[PDB]
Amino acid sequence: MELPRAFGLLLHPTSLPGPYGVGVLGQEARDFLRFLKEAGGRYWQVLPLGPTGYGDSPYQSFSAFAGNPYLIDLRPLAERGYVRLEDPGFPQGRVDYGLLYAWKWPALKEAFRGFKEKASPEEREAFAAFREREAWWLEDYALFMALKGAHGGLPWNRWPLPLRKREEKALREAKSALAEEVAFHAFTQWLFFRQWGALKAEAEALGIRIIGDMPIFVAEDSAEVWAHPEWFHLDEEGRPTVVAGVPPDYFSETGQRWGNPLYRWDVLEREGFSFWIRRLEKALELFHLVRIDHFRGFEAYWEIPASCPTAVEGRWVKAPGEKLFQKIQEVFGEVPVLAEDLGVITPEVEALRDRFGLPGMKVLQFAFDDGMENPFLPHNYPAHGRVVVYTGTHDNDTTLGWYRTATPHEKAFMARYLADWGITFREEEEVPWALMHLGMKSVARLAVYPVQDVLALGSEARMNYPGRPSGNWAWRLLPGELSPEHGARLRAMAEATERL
């Protein structure tokens, strides 16, 4: 496609500076959008914005279409006499999903009740409208959550069979009993998409394109799976017959067992890939470009026997990527998908990605563990520039925290390379800008860099650490940490490297 040479930033809403312990679709986002713009930024990259259960990871969401309530801006509701906002005393620059979970949610069921009372037939109708429009996915979700909650936060595939196997009466009577809890989660979803819809235009106004992200494999315990057991490899108990993951390597002798459920592509294909089409449909509604973690999963996927604790007994299975994207392109005329093809990827994948002109990924933090042959090296990127360069993604340590743990060879081989590209640094705190700058000088059309580096923060500011049992997705931004200085400094490069 056509991704005009430019630079963007990676800042998940949660990391937005804001009162009450978390980032929200509030104006501070608009401030950032103003910052981005000022700094000459044309793109903004965020992680999946779906609801999050334990772990608080945006990739193991309860819904493939639902938005994360946490990211909702509460004050605009308190500004209409809906809910009185307290504050158990949230920490600075770090999300406390424990606190937030126990506070937000309650403070939410409050705003809702504060709505049905003081709400206006303009807000009552608007909300109702959102309900008729987003029916297909919403109904299932609101019921999924309402039930999930009613059943002591238990996975759907453990609820009484009548409900698990989604029976008529069960689903009717349950809905009737929680008619209010259903109206609630919907009300949450409404507020979310509503504010994000505006936040979108705020970005569309400030000449900005937002980049969304979505995991190829859904989450086992999610509305979608529950609602549609037919599409996933699941036994009559709901539990996945097989799970997702990757094969063993020089790193993981055992491999990886993500546990995610696998798609019955045979069925999806028969149904015209209605799940994805519907899925990308929502995507294009929220963002201008959306990425798909683990892209190779479209060419072929590693099938792991649920019963196995590891990924050893796995096997490769071919998936209809060629067909899927033919449908996507015929439905949208375009295929605005950012391919997440890091890690080892076979040519059949490369062919697919390239057959639809899908931009790939390029992370610098990996470009120095070997020789100049390193694919993550600027001089090894494709000419078409249809690739995106990241100093380091969300699943990576901050570049600073990286340079502080990188092997000696890398640290040196780097400065040795940065020089070859007219780039040189002194302090280590400057290294984040070194590679950043380097990323721009590349042929790469887009150069999205995470806010953690723009500020040059240590490992402490690391977003997610694959393997670590917590503290992930916890990092946030402090008031004014993103000063004009930083902006003008980035804009400098943007112009200097003709990205503006």
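Heads up: residue numbers just count along the shown sequence, starting at 1.
Asks: On average, are the C-alpha B-factors higher in 215-223 or in 319-327?
Replies: Per the deposited B-factors, the answer is 319-327.
Asks: Got a sec? Mean C-alpha B-factor, which is higher, 273-281 or 253-261?
Replies: Averaging CA B-factors over each stretch, the winner is 253-261.
Asks: I'd like to know which of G197, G422, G114, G401 has the highest C-alpha temperature factor in the PDB entry.
Replies: When the deposited C-alpha B-factors of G197, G422, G114, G401 are compared, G114 is largest.
Asks: Identify, among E134, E236, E230, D140, the residue whose C-alpha carries the highest B-factor in the deposited PDB entry.
Replies: Among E134, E236, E230, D140, the highest C-alpha B-factor in the entry belongs to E236.
Asks: By its CA B factor, does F90 count among the lowest, middle or highest third of the modelled residues in the chain?
Replies: CA B-factor rank for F90: highest third.
Asks: Please place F35 in the lowest, middle or highest third of its chain according to the CA B-factor in the PDB entry.
Replies: Top third by C-alpha B-factor.
Asks: Lowest, middle or highest third: which one holds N68 when the chain's residues are ordered by CA B-factor from the entry?
Replies: Ranked within chain, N68 CA B lands in the lowest tercile.
Asks: When the deposited Cα B-factors of this chain's modelled residues are ordered and cut into thirds, is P162 in the lowest, the middle or the highest one?
Replies: Ranked within chain, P162 CA B lands in the middle tercile.
Asks: Using the temperature factors of the C-alpha atoms in this entry, rank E430 within its chain: lowest, middle or highest third.
Replies: It belongs to the highest third of the chain when residues are ordered by C-alpha B-factor.
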